[PDB]
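Take a look at the structure below.
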Amino acid sequence: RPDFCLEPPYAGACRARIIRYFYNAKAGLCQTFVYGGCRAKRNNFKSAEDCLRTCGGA
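In the working numbering, the protein residues as written are 259 to 316.
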């Protein structure tokens with residue numbers, strides 16, 4: 259699985275409240291988090307499907 263999938267979620271410093279998904283590598287699932295709207299990292303997806311497709315695999 260890609261290494262960026264193992265990073266913790268990054269909300270950043272900006273003040274928006276945007277619901278995004280991240281892969282939780284300990285739980286083995288994609289979960290939601292609130293993203294602030296700037297400086298997204300790669301473990302940050304717009305849907306569960308995109309998260310699982312990218313990160314769910316072995």
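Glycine residues also receive a C-beta, built at the ideal position from the N, C-alpha and C atoms.
Note to self: Between the alpha carbons of residue 265 and residue 281, how many angstroms are there, rounded?
What the structure shows: 8 Å
Note to self: Could you give the first and the last residue of the continuous alpha helix (DSSP H) run that contains residue 311?
What the structure shows: 306–313
Next item on the list: Give the DSSP-derived three-state secondary structure of residue 288 in the structure shown.
Entry: strand
Note to self: Checking 8 Å against the spacing of the C-beta atoms, do residue 270 and residue 294 come in under that value?
What the structure shows: Residue 294 sits close to residue 270, with the two beta carbons spaced by under 8 Å.
Checklist line | Same chain only: Cβ atoms within 6 Å of residue 262, ignoring 5 sequence neighbours per side | finding: 300, 301
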